[PDB]
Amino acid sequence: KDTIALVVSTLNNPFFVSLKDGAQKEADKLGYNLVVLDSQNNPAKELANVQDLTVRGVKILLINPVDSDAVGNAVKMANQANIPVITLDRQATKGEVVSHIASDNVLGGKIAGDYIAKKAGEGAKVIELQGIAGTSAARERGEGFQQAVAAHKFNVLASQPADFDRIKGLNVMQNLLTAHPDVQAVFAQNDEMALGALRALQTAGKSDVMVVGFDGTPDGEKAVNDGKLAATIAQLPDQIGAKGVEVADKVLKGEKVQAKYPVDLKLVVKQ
């Protein structure tokens, strides 16, 4: 079997476990060996892993950067080895990349803000919990949300990163609530942060504050159905993973591959 490598930012997040599962299923179907290396949200690890894979002479690198700015040197190493690179979910700011497969995260952030305007109103007092700085996902969601802040004249009380992490989201939101008890709505750039924020708000007696997440993870979907999470923006991580392999196969066969394969997003609310 030929080997495709998948270098994933972390497997401590259900979104990325699903991404890996889609890649694996597709690899199995197309007859490739898939080597999955977990970067553990660590730029040093990501670099070591890519170096290892380039010396193993993998045929294609699928990479979900830890940091879109920091991954340039890892990608240049694959470039020097003539191993084509396909980015999944997050972009590489520098380096040669054959194809990028991700959600329209600008649109996602706009959709999230637009729903907050629908339910909390024009001029709502909002807090944004940002993802990992340096990731195109967080940057784009922030851009999309700012479009909503402008459109609907939101009062942004605070916008701070909680690193796509549930516990950080809890600690950051707890902290922000003390400064800004008048918050009316929160946009958390993933469901893990959203669920942390929800826990901080319940603790402070502010469970009336509307929260919108991102990803539509099983825990996000459950939280919507339970009435705790106002909404989430559903992504299709299995499809991002699968497409990565499908395009890797294409590249290897010399077929023409798009520079970008956008993957659909969907506002999810309780039915």
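All residue numbers refer to positions in the sequence shown, first residue = 1.
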- Query: Which has higher Cα B-factors on average according to the PDB entry: 202 to 210 or 63 to 71?
  - Reply: 202 to 210
- Query: In the PDB record, does 244 to 252 or 257 to 265 carry the higher mean Cα temperature factor?
  - Reply: 257 to 265
- Can you tell me which of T87, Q184, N190, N171 has the highest Cα temperature factor in the record? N171
- Query: Out of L177, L157, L129, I116, which residue has the highest Cα temperature factor in the PDB record?
  - Reply: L177
- Query: If you rank the chain by CA B-factor, which third does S9 end up in: lowest, middle or highest?
  - Reply: lowest
- Message: Among the modelled residues of this chain, does the Cα B factor of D165 put it in the lowest, middle or highest third?
- Response: lowest
- Query: In terms of the chain's CA B-factor thirds, is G227 lowest, middle or highest?
  - Reply: highest
- Query: How does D38 rank on Cα B-factor within its chain, lowest, middle or highest third?
  - Reply: middle
- Note on the structure: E26: CA temperature factor from the record, placed by chain third, in the middle
